[PDB]
Every structure is written in C-alpha cells, then in structure tokens.
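Reviewing the structure listed below.
Throughout, a chain's letter reflects where its sequence line sits, starting with A, and its residues are numbered from 1. Hydrogens, waters and symmetry mates are skipped; everything else that's a heavy atom, side chains included, is used.
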Amino acid sequence: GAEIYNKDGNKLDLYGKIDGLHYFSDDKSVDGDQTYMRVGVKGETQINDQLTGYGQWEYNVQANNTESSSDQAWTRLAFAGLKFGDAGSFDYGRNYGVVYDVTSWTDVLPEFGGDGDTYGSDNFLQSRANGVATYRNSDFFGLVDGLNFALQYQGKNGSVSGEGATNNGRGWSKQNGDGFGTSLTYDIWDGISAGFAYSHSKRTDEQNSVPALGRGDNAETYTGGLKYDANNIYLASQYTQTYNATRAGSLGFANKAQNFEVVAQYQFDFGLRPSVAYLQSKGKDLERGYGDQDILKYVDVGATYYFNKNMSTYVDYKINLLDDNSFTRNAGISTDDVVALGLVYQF
Amino acid sequence: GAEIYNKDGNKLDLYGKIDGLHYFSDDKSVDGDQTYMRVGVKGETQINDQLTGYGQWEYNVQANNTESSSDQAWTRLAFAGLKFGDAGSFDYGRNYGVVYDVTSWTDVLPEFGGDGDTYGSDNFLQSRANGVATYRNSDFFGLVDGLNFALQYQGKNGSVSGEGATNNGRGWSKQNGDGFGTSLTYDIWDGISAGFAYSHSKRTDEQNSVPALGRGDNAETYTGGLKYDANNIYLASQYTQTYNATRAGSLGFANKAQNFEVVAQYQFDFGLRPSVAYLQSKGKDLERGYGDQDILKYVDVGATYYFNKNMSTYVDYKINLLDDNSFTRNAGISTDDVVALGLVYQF
Amino acid sequence: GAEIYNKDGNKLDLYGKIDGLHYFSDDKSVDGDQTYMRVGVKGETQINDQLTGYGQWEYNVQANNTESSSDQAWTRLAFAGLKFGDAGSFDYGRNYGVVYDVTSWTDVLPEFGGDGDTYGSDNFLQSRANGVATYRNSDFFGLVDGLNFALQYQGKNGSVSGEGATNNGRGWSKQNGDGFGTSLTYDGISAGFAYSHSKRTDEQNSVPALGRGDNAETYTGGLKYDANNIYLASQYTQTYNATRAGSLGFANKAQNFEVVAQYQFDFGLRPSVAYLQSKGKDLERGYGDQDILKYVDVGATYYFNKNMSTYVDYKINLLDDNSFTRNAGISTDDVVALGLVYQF
C-alpha cells in the first residue's frame, strides 16, 4: 500500500495492483485474456488512547472484456470497525468469513487456489461474505503472545422475492440464513502455527427446493490447518469437512464434503519463489445417483519472480486430475489443465 | 475530505465514507444488510485573480450484495464549474436541483429521510439530476450578507426510444422535459434562516401514457423552509406543494401533493446527537378512485454518536404510520417500521 | 496528472477529468446530456539502473443517466509492463492497438473524431483492445532520434458460447482471432505507417449479413505538422473485413480518410477544422458501395489553464439518409457539442 494521507491522527492508504494475465486451456470458458486490476483504501483514525476507528474498501475491476460488456467491477471488501486496544476489535460489512482465518494459509499459489476451488465467495462464512460482524482478539487480551481468536455473526442473505427474501437477495448458491463462526490460531513453535475454525449457518428455503443436490436445514464447516513459515520455507495444509456447504457445481450443494489443500514453497534470495501444491474436494451422499464424486482434484506447479516489492511476474500450471463423467459434465466442472502467465504491477 | 494534492494553484480533495449498515424490518425488500460506501474527488484550480475552475465527482458503491450481482455502483454527482468572485458561479453536469437548496435543511436524520422519502433522485429538480446548468450567487453580489440565490436550467431527459427519446433515456418515473428552477435563502443571523425554492418542468409523453396515476403537461414545485442552527440546537422544517411531480410509488405521479418534514436535534459535548423527526407526503386528486392518499407518513427517533470527525455510529428508528391499504399495496409503498444500526468510517 | 506518491523509487500519478457535456441534435439517440468523467492511475517502480516496471489503469464513468441505469462505467486501459534501457519496453493487457500509433494524429478535435468514427474500440488493433502484448522501441535502440517502432500481438477474443468461445466472449462486432500489428513513425514534421493482420472469427462470418473473409487487414499512412502554433495532420487507411458497417456487419473493403487543421493562440483559443470520411466497398445484400461516415467538423477549445477548458464542436454531417444508414443505425444528422472540462 501507499500511504497518501497522514495528518493529525488520521491515515489513508491507497493500494491495488494491475495484473496483465493470460490463461491457456482447452476449456474455452477459462481460456484467453484474464487481465484485471484491484484498487482499495485502508483508513485509520485515532479516537483516544484506547480506541482506534478504521475502514477498508477493496474493489475488483475486470479489464479483459469490452467497453460495452456488463458487470465488470465489484466490491470484494467494505467494512468499518473499532479497535479497543488489547480488548480486541469489532467490524461490520462485507468481510472475510473467519473460516478463511485458517484456510488462507494455503491460499498462496502463484495464480490458482483460494476462493473458487474448494470453497467460494458468498459461500456462507468460508470466504468474502455480506453482512458479517466480527469480533477479534489478538494475543488473547495481551496475555499470550501468538494466540488469536475470532467470533463472527452473519445475518440471513435471502432470495430475491417471496417469503425468504431480504433486501439484498441473490441466487441459492450464494444465499445464507443466520449463522455464526469461530476461529482460533496459535504459534505452537518458532515459525510453526496451528489453527482451527468452525461455522454453523441456517440454510434457506431456496437452497432446499431449487437445486437437485443437497438437503438440510443447517450448513456446517470444521477446519484444521498447519503452517510452517521460516528459513525461506513455506509449508501449509488445511483440511475441512463440510455439511450442506460446499458447492457441487451448478447442481447444488454436497450433502457432505471433505476438502484438502497442501502447498510447499521456497523463497530464493534473488527473488524466485517456486511452488508446488495439491488440492482436492470430495463430495459424499450426493442425490440423483451420484454417490461419492470428485468436485476438485489437481496438482499445481508454478513460480513467481519478484522484481521488487512493486513488480512481479509468474507462471502457474494446474495439472487437472478430474476425469470426464456425467457429474463433472452436468455440474459444469472443468476437467482441463490450465497454464497462466502474469505480469503484476502493485502499489 | 483529505487534501491529497495542493501545488501550483491546483488542489484535490479525496473524500468518502464506509458505512457498515444493517436494517431490521418486517418489510422483506428493506430488511437485512445495507453496507455501502461513497468515494469522491473535489478539485479546484486558480485560473486568475477573479476566476477559479472546479470539478467534483461522487460515486456510490453498494457492498451488500455478491460479486456477481448487477448494478451495484453509480454516480451521484459529476459536474464542472467556474467561480467568478462576486458575480457568482456556474456549473454543469449531474448535480443537485435547486429545490434541495431548501429541502436539504431537514435531510439530517441519522439514517432515514432525504431523497427516497418525500422526493427522489432523478425526480425533476428536487434532488440529484442529470444535465443541470446552475448559476449561484452568494451574499447578493457581495452587497447583502447572508442572502443567497440560484437559477437553474435542465434539458429534457426523455424516453429510451420513440419520439420522446434522448440519448440518455430512462423510464417514466425518472424522465423530465425542459425545466428551470430558482432558490433563495436568507441567513437572518448566523444560524437562523428562511428559504424558498421554485421549479417548473415540462412533463414527458411517457409520464402521461404509461402509468395509471398523474396527468398534466407541467411539473411544478413550491417550497418554503426554516432552520435554526446555533447553540448546540438544530430545528428545521420544510413544506412543499407539488403538481405532477411527487411519485405515487409505482402507480405514477400525484396530481397534487403536499409534503412536510420537521426535525429536532441536540448536540451534546461528549458526542451524542439525539434526533426526532416527522415526515409526511399527502397525495391529492389521484385517479382510479384513490382520491386523497398518504404516500409517506412516519415519525423518526434516533441518535448519532460522533467518536471524532472521521468515525461515528448511529441508531435510527422509523415508526411507520401508513396503513396497509389498496393504494400502498399497489404502489409498492412500505408500511412497516425499520430500525437501522450503522458504524461509519469517514475520510 | 497529479503525482500523489513519490517515495523510494516508487511513483504514483492520479489523473482524470470531469466533462460537463451537452449535445444538440435532431438524432434523438445522440441529443442531450453527455456528461462523463475519467479517472486513472499511472505507476512506475525503479527495479534497477536499467529496469523499470510500470502499470496504468484508465476508467470511464458515465454521469448522464440515472442512479438505477445499467452499464455506466468501463475500463479503457489496464496494463502492466517493463522498460529496459534502450532495448525498449514490453506491456500486456488492455491497451491501444498500434494502428492508433498513427491514427491518433487526427484524434485531436474538440469533441468528435477518434474511436466511434472511422474506427472503433475493441475493433481488432485499431484502438483500445483486450489482450495485447506490445513491444516498443524509441529512437531505434538509441541510434536514431525520432525513429519509433512497435510490434504487437493479440490473442483471440471469441464468442460467448460454442466452440469459438473464449472466457471473455463478446458479440461479433467486437470479436477477433489471433492478430499482430506493427507501427513505424519518424519525427516539426512526422511521417507514420501502421499495419495489422488478424484472424476473423466464425460468428463474424455467420451471424451478420455483411462482410466475409478469414482475415482482417489494415494499412495506414499518416502525416503530421506540429510547430509554430500550427497543427496539421492526415491519416489514410485501407482495411479489409475490418471496418464496421454499423450493426449490419463489416465492409469487405473500406477506405478511411481524416485530416485536421488547428492553430493555438497565446491567450488560449484553439480553433479547429476537420474532414473525415469512410467509404465501404463490396457490401453484400445489394448495398454495394456505401458511405459509412462523411462529415466536416468545425469547433474551438478555450484553455483557461492546464486544468480547465471549455469548447464548442460542430459536426456538419454530409451523409444522406438511405436504406443502408437506416438499417445500419448510422446517424446522418448534425450535432453541436458544448463542454466545460475540469482536469486533474
């Protein structure tokens, strides 16, 4: 970020990036130009000695389609908050679900990974989400250096019309009822971290009536993760079991799913950072005769070269291990490999 | 506003806010998350001793729906202008109709009130409007302290297609023909003020042919206002009489309406600002047998706590006095109560 | 531009403008409020003595319609790049096609001209374009001052669905296959040439009625005089299957000509006269040879300073109303533009 304002206790950071990005793939819905930019602001205001106020906005602007194309920009984050010294912080708005407090440890691939793979955005509390109220406490009230926990509540984001509607309605794959989540992370050793996260949300009428797959009044996630980040080495894994909460492509939700991500990286001092990872999502108890199915399965190999802190370039190669079957065909799940080439200017 | 540039006679302010906001209501179309943000730029350039140029843009970005949702951002203001000392200023673009020069005096509720209630945006010269040319004069050419006036013209904003079209066409509720408006305000003492505004607009063909309610070739408004703003006390009222200009929800326009708003507030030293308000809009001579109908009617009780100039929080309680009847149902007018809670970061 | 950050090898420039703009015309799809704003950021970071990285983003935000209108903002430019000494520069993203390296010389009118007239945006490599990789060299490796050249590649931007699709599919009028282009300019008189050749897509040969062929080509030569308060410029372009025939398709062949003359007075006034035409040949469905564009332009800009200007522009449209202009949606009416512009 670039601090563009700092005066009389108030600070404003402007940040973002421009990613000149191209995908190569036999999947024609993935292939071609993928250039986009992000822009955001982070602001902080000193209220008194024990109270600081803050806000953050993050905006995604696609730049790979035409000037007449529709819906090419959207807000990723918009929240306002208060920080009460060592008693914690509280914020409300569009923010990350606290499950990401753990799964973010494997969201480090050169290009792929993260939301869109084993979980999505607007997908209960697994990633970015509307209407989340988040209490956080770092180093447990100042007692325990390295122990962090979060408690989070989300109100219902319902259908567009009818009985289950809210003002901000959306389709069933992005709906949620009232829900809550919790996370806990700790520095178990020098450079080694362990984390656990839990979420429980009500499902909506349309999730239990419109798609073919997935039935249940509640969505639940359980997550455990490990991270090692020292001596130029980064290793991380996350394992998550979900109920009625992992998407089964366009067909609905998986009544149960088991998701696993693991990644290994090395940082060379001259700027090169090679990366290898493996990601899978196994759905279980699927209706309509599908039974157990692979929702995602691939090996990732790539590398980033950091020219400096404001410029980088990368290659990323998704080695897709899914087979073509009637589930992947009916759910719209991609089974082809992808190669990505990126050149990134960051401010 | 944060001044981020001031050099060689040109200066640029970046301003805006992030409002983590939630509505509670039995009305499903307003209940739920309402988080949004605003960002704007204000610029001015000294041209010579008697002439300054300026420009301003204000953008609204909703953050309460998903990243795939449509139409989540829009321009509230965009205009350029010239200021010639005592002889006045002139600007053109998307700006406030001069009726709001007076009706803004009651637009001070913690959350509710303002446009959307007794008047709307893109609603002739009553609020933000496309294509307004505005001449303004402060202190009557420098000769009468506290005496301000404005003259304004607006070109036709017509239909999407057909004989009544313009390039920037829209639906009947937000169309207008050629029109003009005037405003005048007088600061008797530094806080105490009286104001008047007038506007007159050609109506468009679709305003008479498409909706069921409201017929006439001309839209007119007459507004008077009073304000007391001193000694930590704020009192304000406005009364407006419209002809063919006040929307009757989705049913069309009211042939005549009488609108009234009044607000009482007190500013405590430690930051709390309680607020009480009453608002009503009475439609008259409506077609299809509706006769006289209330379009808006509620009492508002709330409060804002100002942590400082960059952070605030508020509660606002709209106690709705409308009856659930045939007019309100067919017009899509809300008759339920609403509670708003908000946490605001401001730059 | 406004330099809002400059620290430790890293610079950020913020730029843009707010244009309070009104059109007067008998053409109702053109007449009325046209107010809009542009905002953009230009950044650059010093990597080492020879290597600089950069990026630029330019956004267009319409302000002439309501707060519930659709599709009112879009990205004009977004690219990242590397600059290495006299070896040149390389960037990738949404950027200008190298044909505009020469046709930009006539894109100097007070309001009209430029994309939308003899060429469009997202129109192979004639203007702003998705997915362009652009190599540029200034002063021929530092050996010849004023000699500039550019080499450019564009990947396919295909249909929304079917086997001709890409992730970023669009309609046939804004599709392209793989393409390349090159530009050459030599510098107060300058001469320029540009060439581009792209594959066409299958929806371009099946969906619209006009224009057929596997390849789109453009050839451009231009001339510019810019000194002694005088600006004169001309460009002539021949295209094949590359110029739009309104909403009807493409012209199998087109000849485009633009020429402009302006003078800058010391107190601020910049009068301007221009002529633009686009002649389409060999059109199907009985259209044959048709005028696609034909007008004379007269206007003037007054600059108050570098941050504020105002202008008037008069398009005197010479197109005749006929079956082609009507079915294609081409305007044959005159337009008057009045604008007041704050720039940062």
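Contact of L77(A) with chain B is not made at all, since no heavy-atom distance falls under 4.5 Å. Contacts between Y59(A) and chain B at a heavy-atom distance below 4.5 Å involve the side chain alone, from C-beta outward. In this structure, the portion of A73(B) lying under 4.5 Å from any heavy atom of chain A is its side chain and not its backbone. With a threshold of 4.5 angstrom between heavy atoms, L14(B) approaches chain A through side-chain atoms but not through N, CA, C or O. With a threshold of 4.5 angstrom between heavy atoms, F79(A) approaches chain B through N, CA, C or O but not through any side-chain atom. Within the 4.5 angstrom heavy-atom criterion, atoms from both the backbone and the side chain of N168(A) approach chain B. With a 4.5 angstrom heavy-atom cutoff, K17(B) does not touch chain A via any of its atoms. For chain B, the nearby parts of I47(A) are the backbone and the side chain; heavy atoms of each come within less than 4.5 Å. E44(A) touches chain B through its backbone: at least one of N, CA, C or O sits under 4.5 Å from a heavy atom, while the side chain does not. For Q346(B), no part sits under 4.5 Å from any heavy atom of chain A, backbone or side chain. Of the two parts of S68(B), the backbone and the side chain both hold a non-hydrogen atom closer than 4.5 Å to a non-hydrogen atom of chain A.
Atom-to-atom distance recorded for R128(A):CZ and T66(B):OG1 is 11.0 Å, nearest 0.5 angstrom. In this structure, OG1 in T166(A) is found 7.5 Å from CG in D31(B), a value given to the nearest 0.5 Å. Rounded to the nearest 0.5 Å, atoms CZ (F347(B)) and NZ (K11(A)) are 14.5 Å apart. Atom-to-atom distance recorded for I18(B):CD1 and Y92(A):OH is 14.5 Å, nearest 0.5 angstrom. The CG atom of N157(A) lies 8.5 Å from the CG atom of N64(B); values are rounded to the nearest 0.5 Å.
Side chain of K28(B) to main chain of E163(A): a donor-acceptor pair is present (N/O by atom type, distance under 3.5 Å, no hydrogens or angles). In terms of modelled atom types and a separation under 3.5 Å, the side chain of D33(B) and the main chain of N130(A) share no donor-acceptor contact.
Contact annotation: the side chain of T75(A) never approaches that of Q72(B) to less than 4.5 Å [non-hydrogen atoms, C-beta and beyond]. Looking at heavy atoms from C-beta onward, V61(B) lies in side-chain contact with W57(A) at the 4.5 angstrom threshold. Side chains of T45(A) and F307(B) form no contact here, defined as non-hydrogen atoms less than 4.5 Å apart.
With respect to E67(B) and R94(A), a salt bridge is recorded, a charged nitrogen being found less than 4.0 Å from a carboxylate O.
Here the closest non-hydrogen pair linking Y54(A) and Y345(B) is O-CB, 3.8 Å. Minimum heavy-atom separation, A2(B) to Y5(A): CB-CD1, 3.6 Å. Of all the heavy atoms in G20(B) and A80(A), the pair that sits closest is N-CB, 4.4 Å.
Crowding of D49(A) atom CG: a count of heavy atoms from other residues, nucleotides or ligands under 6.0 Å not exceeding 12. Heavy atoms of other residues, nucleotides or ligands lying less than 6.0 angstrom from NZ of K174(A) number more than 12. With a 6.0 Å radius and a threshold of 12 heavy atoms from other residues, nucleotides or ligands, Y153(A) has its OH atom at or below the threshold.
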Candidate pair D71(A) and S70(B), rule side-chain hydrogen bond (donor to acceptor under 3.5 Å, both in side chains), full reasoning: CA-CA 6 Å; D71(A) 303 328; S70(B) 289; 2.5 Å; yes
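Of the listed residues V30(B), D19(B), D27(B), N65(B), the one with more heavy-atom pairs under 4.5 angstrom with chain A than any other is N65(B). Contacts with chain B were tallied for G158(A), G169(A), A133(A), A129(A); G169(A) has the most, counting heavy-atom pairs under 4.5 Å. Note: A165(A) leads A165(A), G162(A), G164(A) in heavy-atom pairs under 4.5 Å with chain B. The choice from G93(A), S161(A), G9(A), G43(A) that makes the most heavy-atom pairs within less than 4.5 Å of chain B is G43(A).
Residue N310(B) is tested with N10(A), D8(A), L12(A) for a side chain to side chain contact (heavy atoms under 4.5 Å, CB included); the sole match is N10(A).
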